[PDB]
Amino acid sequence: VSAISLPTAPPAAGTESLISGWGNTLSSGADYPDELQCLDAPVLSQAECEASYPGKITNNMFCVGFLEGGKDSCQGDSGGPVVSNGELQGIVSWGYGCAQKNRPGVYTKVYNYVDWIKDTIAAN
């Protein structure tokens, strides 16, 4: 058990990232694992993310994964980490199905909240 560092810069397209969780491991049906699952996936470009989810991507969201599908986060992974170079870049947030084509994972852009996180910790 140890802490992951907050990010020092926003996500960069192409960055290999580690996503993990105990969410569903199937696109169809459900198989919830007992053991923690890992996935290595690259950050997608801002244009690929918007093209995948037109009008629904705010400045506070970014996409990670594969436009071909097959590998993705899923139900039960919500809230978990997307980590690269020792920093927490993303939080599992939403997406259309799991590992569907043209439907990559959408993640909260943690960098945008670095000050909110420090301020909230200091006030509490």
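Don't overthink the numbering: it's just position in the shown sequence, from 1.
- Taking only CA atoms, the mean B-factor in the PDB entry is higher for 27-35 than for the other of 47-55 and 27-35.
- A summary of the deposited B-factors shows that, of 107-115 and 8-16, the stretch with the larger mean C-alpha value is 8-16.
- When the Cα B-factors of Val92, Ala99, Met61, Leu88 are read from the PDB record, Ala99 comes out highest.
- Per the PDB record, residue ranking by Cα B-factor puts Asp77 in the lowest third of the chain.
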